[PDB]
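Asks:
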Amino acid sequence: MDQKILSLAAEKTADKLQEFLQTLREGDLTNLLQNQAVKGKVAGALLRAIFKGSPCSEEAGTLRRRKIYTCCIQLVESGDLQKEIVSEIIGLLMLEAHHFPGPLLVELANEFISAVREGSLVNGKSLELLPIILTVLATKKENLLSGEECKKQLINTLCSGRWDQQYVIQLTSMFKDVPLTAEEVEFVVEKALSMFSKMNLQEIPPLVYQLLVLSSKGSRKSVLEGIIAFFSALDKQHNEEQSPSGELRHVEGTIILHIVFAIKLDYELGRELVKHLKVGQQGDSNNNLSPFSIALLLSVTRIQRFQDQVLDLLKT
Amino acid sequence: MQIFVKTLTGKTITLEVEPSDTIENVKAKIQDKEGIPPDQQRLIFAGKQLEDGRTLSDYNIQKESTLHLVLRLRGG
Amino acid sequence: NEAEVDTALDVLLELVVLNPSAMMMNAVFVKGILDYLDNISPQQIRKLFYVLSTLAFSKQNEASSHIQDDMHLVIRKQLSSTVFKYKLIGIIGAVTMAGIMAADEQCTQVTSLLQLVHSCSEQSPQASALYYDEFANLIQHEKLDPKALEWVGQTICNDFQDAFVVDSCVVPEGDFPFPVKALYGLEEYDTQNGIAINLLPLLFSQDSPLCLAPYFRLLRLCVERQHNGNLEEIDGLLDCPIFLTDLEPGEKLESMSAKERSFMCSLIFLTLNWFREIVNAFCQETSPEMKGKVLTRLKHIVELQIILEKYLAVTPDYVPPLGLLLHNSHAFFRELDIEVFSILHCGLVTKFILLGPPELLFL
Numbered sequence: 001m002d003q004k005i006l007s008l009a010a011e012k013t014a015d016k017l018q019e020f021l022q023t024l025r026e027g028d029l030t031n032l033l034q035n036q037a038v039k040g041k042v043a044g045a046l047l048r049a050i051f052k053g054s055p056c057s058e059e060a061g062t063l064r065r066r067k068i069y070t071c072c073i074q075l076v077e078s079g080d081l082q083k084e085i086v087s088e089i090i091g092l093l094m095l096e097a098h099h100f101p102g103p104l105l106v107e108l109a110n111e112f113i114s115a116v117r118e119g120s121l122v123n124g125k126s127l128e129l130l131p132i133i134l135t136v137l138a139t140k141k142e143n144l151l152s153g154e155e156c157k158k159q160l161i162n163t164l165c166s167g168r169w170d171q172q173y174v175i176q177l178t179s180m181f182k183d184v185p186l187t188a189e190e191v192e193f194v195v196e197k198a199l200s201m202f203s204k205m206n207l208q209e210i211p212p213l214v215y216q217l218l219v220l221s222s223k224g225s226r227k228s229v230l231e232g233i234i235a236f237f238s239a240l241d242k243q244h245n246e247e248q249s260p261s262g263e264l265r266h267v268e269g270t271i272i273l274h275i276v277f278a279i280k281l282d283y284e285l286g287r288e289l290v291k292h293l294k295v296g297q298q299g300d301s302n303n304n305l306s307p308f309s310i311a312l313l314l315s316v317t318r319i320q321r322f323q324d325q326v327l328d329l330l331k332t
Numbered sequence: 001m002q003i004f005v006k007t008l009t010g011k012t013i014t015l016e017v018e019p020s021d022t023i024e025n026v027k028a029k030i031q032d033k034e035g036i037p038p039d040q041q042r043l044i045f046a047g048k049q050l051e052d053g054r055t056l057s058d059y060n061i062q063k064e065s066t067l068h069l070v071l072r073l074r075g076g
Numbered sequence: 485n486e487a488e489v490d491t492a493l494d495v496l497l498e499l500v501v502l503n504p505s506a507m508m509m510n511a512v513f514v515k516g517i518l519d520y521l522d523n524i525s526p527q528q529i530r531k532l533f534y535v536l537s538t539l540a541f542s543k544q545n546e547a548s549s550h551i552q553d554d555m556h557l558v559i560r561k562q563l564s565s566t567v568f569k570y571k572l573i574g575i576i577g578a579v580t581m582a583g584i585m586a587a604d605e606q607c608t609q610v611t612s613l614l615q616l617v618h619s620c621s622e623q624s625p626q627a628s629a630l631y632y633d634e635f636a637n638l639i640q641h642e643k644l645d646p647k648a649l650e651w652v653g654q655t656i657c658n659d660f661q662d663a664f665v666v667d668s669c670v671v672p673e674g675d676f677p678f679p680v681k682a683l684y685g686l687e688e689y690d691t692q693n694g695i696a697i698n699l700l701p702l703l704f705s706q707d726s727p728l729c730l731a732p733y734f735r736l737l738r739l740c741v742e743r744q745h746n747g748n749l750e751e752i753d754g755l756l757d758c759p760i761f762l763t764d765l766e767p768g769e770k771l772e773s774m775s776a777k778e779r780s781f782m783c784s785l786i787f788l789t790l791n792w793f794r795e796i797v798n799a800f801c802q803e804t805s806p807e808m809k810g811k812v813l814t815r816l817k818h819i820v821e822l823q824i825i826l827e828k829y830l831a832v833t834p835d836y837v838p839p840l841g916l917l918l919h920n921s922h923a924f925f926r927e928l929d930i931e932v933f934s935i936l937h938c939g940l941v942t943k944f945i946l960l961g962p963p964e965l966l967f968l
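Residue numbers (the entry's author numbering), protein chains in the order written: chain A, 1 to 144, 151 to 249, 260 to 332; chain D, 1 to 76; chain B, 485 to 587, 604 to 707, 726 to 841, 916 to 946, 960 to 968.
#1: In the DSSP assignment, find the unbroken alpha helix (DSSP H) run with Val-295 of chain A in it and report its ends.
#2: Would you be able to state if there are at least three C-beta pairs under 8 Å between the segment 505-517 of chain B and the segment 531-545 of chain B?
#3: First and last residue of the alpha helix (DSSP H) that includes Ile-639 of chain B?
#4: Does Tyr-520 of chain B come within less than 8 Å of chain A when only Cβ atoms are used?
#5: Could you tell me whether the Cβ of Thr-270 of chain A comes closer than 8 Å to any Cβ of chain D?
#6: At a CB distance below 8 Å, what residues from the segment 278-300 of chain A approach chain B? Give them in sequence order.
#7: Closest Cβ-Cβ distance between residue 96 of chain D and chain B: below 8 Å?
#8: On the premise that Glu-650 of chain B lies in contact with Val-579 of chain B, defined as a C-beta separation below 8 Å, what is that separation, rounded to the nearest angstrom?
#9: How many Å lie between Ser-120 of chain A and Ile-85 of chain A at the Cα?
#10: Taking the C-alpha atoms as reference points, what is the distance between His-919 of chain B and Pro-838 of chain B?
#11: Tell me, to the nearest whole angstrom, how far the beta carbon of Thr-55 of chain D is from that of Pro-19 of chain D; I am working on the premise that it is less than 8 Å.
#12: Ignoring anything shorter than 4 residues or poking outside the segment 764-832 of chain B, list the alpha helix (DSSP H) runs there in chain order.
#13: Determine the direct distance from the alpha carbon of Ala-188 of chain A to that of residue 259 of chain A, and round the result to whole angstroms.
#14: To which residues does DSSP link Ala-923 of chain B through a beta bridge?
#15: How would you call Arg-226 of chain A, buried or exposed, if buried means at least 16 neighbouring beta carbons within 10 angstroms?
#16: Could you tell me whether the segment 154-163 of chain A touches the segment 196-208 of chain A, using the rule of 3 or more Cβ pairs below 8 Å?
#17: Would you say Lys-561 of chain B reaches chain D, if we count a Cβ-Cβ gap shorter than 8 Å as a contact?
#18: From the DSSP secondary-structure annotation, give me the bridge partner or partners of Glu-96 of chain A.
#19: Along the segment 568-581 of chain B, where does the CB come closer than 7 Å to a CB of chain D? Name the residues.
#20: Run the CB neighbour count on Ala-10 of chain A, radius 10 Å, all protein chains shown included, and call it buried at 16 or more, exposed below.
#21: Counting pairs of beta carbons, one from the segment 81-100 of chain A and one from the segment 51-68 of chain A, are three or more of them closer than 8 Å?
#22: Give the single residue among A:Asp-300, A:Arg-65, A:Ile-319, A:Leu-93 whose Cα lies nearest to the Cα of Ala-278 of chain A.
#23: Just to confirm, are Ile-36 of chain D and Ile-30 of chain D a CB contact at a threshold of 8 Å?
#24: According to a CB-to-CB cut-off of less than 7 Å, which residues of the segment 54-75 of chain D neighbour chain A?
#25: Quick check: what's the CA-CA separation for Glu-111 of chain A versus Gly-516 of chain B?
#26: Have a look at the DSSP bridge pairing and note the partners of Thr-14 of chain D.
#27: Using a Cβ-Cβ distance cut-off of 8 Å, determine whether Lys-6 of chain D contacts chain A.
#28: What's the gap between the Cα of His-550 of chain B and the Cα of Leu-518 of chain B?
#29: Taking the beta strand (DSSP E) that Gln-654 of chain B belongs to, which residues open and close that run?
#30: DSSP state of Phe-761 of chain B, grouped into three classes?
#31: Starting from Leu-312 of chain A, find everything on chain D with Cβ-Cβ shorter than 7 Å and list it in chain order.
#32: Can you name the residues of chain D whose CB is closer than 9 Å to the CB of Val-558 of chain B?
#33: According to the Cβ coordinates, are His-818 of chain B and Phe-793 of chain B closer than 8 Å?
#34: What does DSSP give as the partner residues of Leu-683 of chain B in its beta bridges?
#35: Within the continuous beta strand (DSSP E) that includes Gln-41 of chain D, where are the two ends?
#36: Would you mind stating whether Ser-612 of chain B and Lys-571 of chain B have Cβ atoms separated by less than 8 Å?
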């Protein structure tokens with residue numbers, strides 16, 4: 001039941017495609033999942049008929065569009081399907097989010113938010129849509151509350167919502183590509199850093215990578231504060247357990273290596289770091305440093321631009 | 001023998017290789033099971049950047065010990 | 485820092501032009517720059533790609549053409565990205581690369613390169629703009645092998661003269677809330693011309727026109743390089759009025775301030791920049807009637823800027839920043929050329945006591 005829709009999306013637009021949407025009416029799930037079971041190539045071409053024939057100039061096309069979007073969010077999350085088909089469909093959905101009126105994206109976004117609460121997020125490739133829709137929201141500056155307020159409520163839900171400890175890294179990476187304020191990057195980093203406590207260890211460094219490259223456009227002192235508090239406190243936990261190492265110090269080393277390599281790009285991070293661990297008044301050097309921070313600085317040293325200031329700091 | 005790698009998306013991945021084997025072999029296996037070519041890969045264990053000509057015996061790397069990866073995009 | 489960087493790249497260029505074969509063994513160390521390119525200012529990027537490219541495209545170093553395909557590759561990658569900077573960075577490198585290899605398969609290769617950087621840059625307006633601008637700068641400063649130039653100009657002239665150029669048809673396309681008319685003709689020309697500019701329908705369809731002025735700049739420099747300063751194909755272009763709103767009144771339509779005000783304001787802005795490049799163009803021409811028409815255009819300019827500052831005074835913050917009045921003077925407008933001030937050879941005509962004064966103020 002497929003070739004009577006490529007005979008619609010070839011000749012004319014909105015004369016015969018829109019009529020198909022109202023006339024069929026039986027469903028939009030059984031025809032797509034099972035279409036991929038025989039020939040996946042047809043499925044990628046079927047979606048190219050719906051979105052060309054359902055523009056958001058009219059209500060019915062917009063609601064058909066919303067239903068196909070929710071159903072594709074379901075199947076991409078559900079199906080143990082071929083990887084290239086998943087890459088294709090997420091690319092197709094990514095291409096079409098541009099001419100959408102304001103008050104439709106709230107539903108898809110709240111669906112994604114409910115997904116972070118409960119959803120089986122086996123793939124974070126469903127979460128690739130969340131970046132673009134929040135920018136397509138903010139560019140629509142009319143009463144949906152204006153677009154930015156819906157965005158901020160959404161971010162507050164995303165942070166204040168509870169995070170499936172496995173797939174929080176991908177969630178964290180989604181905030182990377184959206185242009186945010188200092189306040190919203192601050193919200194995500196402070197909560198995401200509060201998440202560090204309630205985890206396995208070994209996932210943390212790439213998390214830190216994503217945190218850092220996001221931190222390049224926001225609050226970075228906040229991240230280093232949280233980092234050093236985390237690792238200094240746990241070092242003391244280890245010291246008192248002594249008076260759990262062979263992995264722990266390893267992960268530390270790797271983290272240090274990540275942040276050195278990221279400073280290698282952005283030097284402002286270096287200067288903000290060193291200002292944090294500026295002794296200045298000597299009492300700061302009785303809350304500033306840990307063994308871990310020191311190890312950081314001595315690793316940092318290797319950058320020829322930083323072999324003076326770091327050493328003057330440690331020495332003095 | 002089995003080992004772990006973790007990456008910037010948190011894809012925990014399980015690599016079966018003998019310790020006497022070398023690192024570029026693992027880059028071949030990454031190009032195989034994950035489709036990522038060698039030259040973009042940057043492999044780390046415990047805060048050491050791992051080179052090509054070494055092996056897992058050289059770095060005291062053992063069973064189920066977790067490696068870290070990043071995508072060294074020259075340009076990006 | 486920045487000054488250290490600049491010094492190093494000056495040094496590098498001096499070495500490679502002097503002692504290239506020495507540098508060729510260190511080619512990998514030169515490529516070892518290529519990670520920290522986000523960290524560095526665009527002008528340094530221009531200089532960087534210059535040095536890599538002149539190292540690559542030397543007639544002796546066609547032995548080691550591995551670096552050649554590598555740098556071709558990375559540029560194709562950098563352009564392939566969606567991001568403003570990566571597309572832009574590639575554009576800049578690609579332009580410089582193209583230009584230096586431009587001094604017959606070489607011609608086909610640079611041709612494919614410009615076609616594909618366009619095809620990649622076709623969609624983003626500021627990126628397409630910067631392409632045009634950098635291409636322009638490259639033709640301006642540098643001289644080379646007119647075969648590529650005669651090739652690409654045949655494309656460019658056709659593209660422009662089909663894109664925005666239309667008939668002097670009093671009826672245009674597009675249902676506006678505005679009385680569209682052919683405004684700012686000289687009127688000493690023949691009013692039945694097949695040359696006029698479909699501007700406001702291109703705008704309302706935009707709601726391609728941002729790139730206009732620089733595309734003309736590029737076109738002009740191309741024509742001058744081809745026919746050696748002969749714009750007889752274009753000399754009947756400044757005879758164009760433009761199919762626009764009744765732009766003149768910015769007081770009768772007061773207190774209905776909507777996106778229509780933004781339309782009008784940025785429209786006038788574009789108009790001004792268009793004229794600005796026109797006067798940059800037809801300054802050198804010794805024809806006295808041409809210069810009279812230039813000064814007609816300057817009278818248009820001053821009244822238009824007056825109208826627009828009035829529009830902004832009445833409607834405060836419907837601001838086009840497009841890459916308060918002090919900001920608008922210098923950067924957001926087109927930098928005029930030096931030889932434009934050939935106009936100063938003319939003598940003033942006072943209006944009261946008895960070439961207007963306020964255009965002289967402007968200059």
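Where is the CB? At the ideal position from N, CA and C, for every residue including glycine.
Replies: This is what the structure holds:
#1: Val-295 of chain A -> no alpha helix (DSSP H), and no H or E assigned at all.
#2: yes
#3: It spans 625-641 - the alpha helix (DSSP H) in which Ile-639 of chain B sits, taken as one unbroken run.
#4: yes
#5: Yes, contact with chain D.
#6: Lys-280, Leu-281, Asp-282, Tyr-283
#7: Residue 96 of chain D is absent from the model: chain D starts at 1 and stops at 76.
#8: Incorrect: roughly 19 Å between the Cβ atoms, too far for contact.
#9: If I take the Cα positions, the gap works out to 19 Å.
#10: One Cα belongs to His-919 of chain B, the other to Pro-838 of chain B, and the distance between them is close to 11 Å.
#11: 7 Å
#12: 777-799, 806-832
#13: Here chain A is numbered 249 followed immediately by 260, so the structure offers no position for residue 259 of chain A.
#14: The partner list for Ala-923 of chain B (beta bridge, DSSP) is empty, contrary to what the question assumes.
#15: buried
#16: no
#17: Interface residue, yes.
#18: None, per the DSSP bridge assignment.
#19: Residues are counted here when their Cβ sits less than 7 Å from a Cβ of chain D; for the segment 568-581 of chain B these are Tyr-570, given in chain order.
#20: exposed
#21: yes
#22: A:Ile-319
#23: yes
#24: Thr-66, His-68, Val-70
#25: If you take the alpha carbons of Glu-111 of chain A and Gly-516 of chain B, they lie about 46 Å apart.
#26: D:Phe-4
#27: yes
#28: 16 Å
#29: No beta strand (DSSP E) holds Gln-654 of chain B; the alpha helix (DSSP H) holding it covers 646-663.
#30: strand
#31: Those within 7 Å of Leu-312 of chain A in chain D number zero; the least Cβ separation is about 11 Å.
#32: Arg-74, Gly-75
#33: yes
#34: B:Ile-760
#35: 41-44
#36: no
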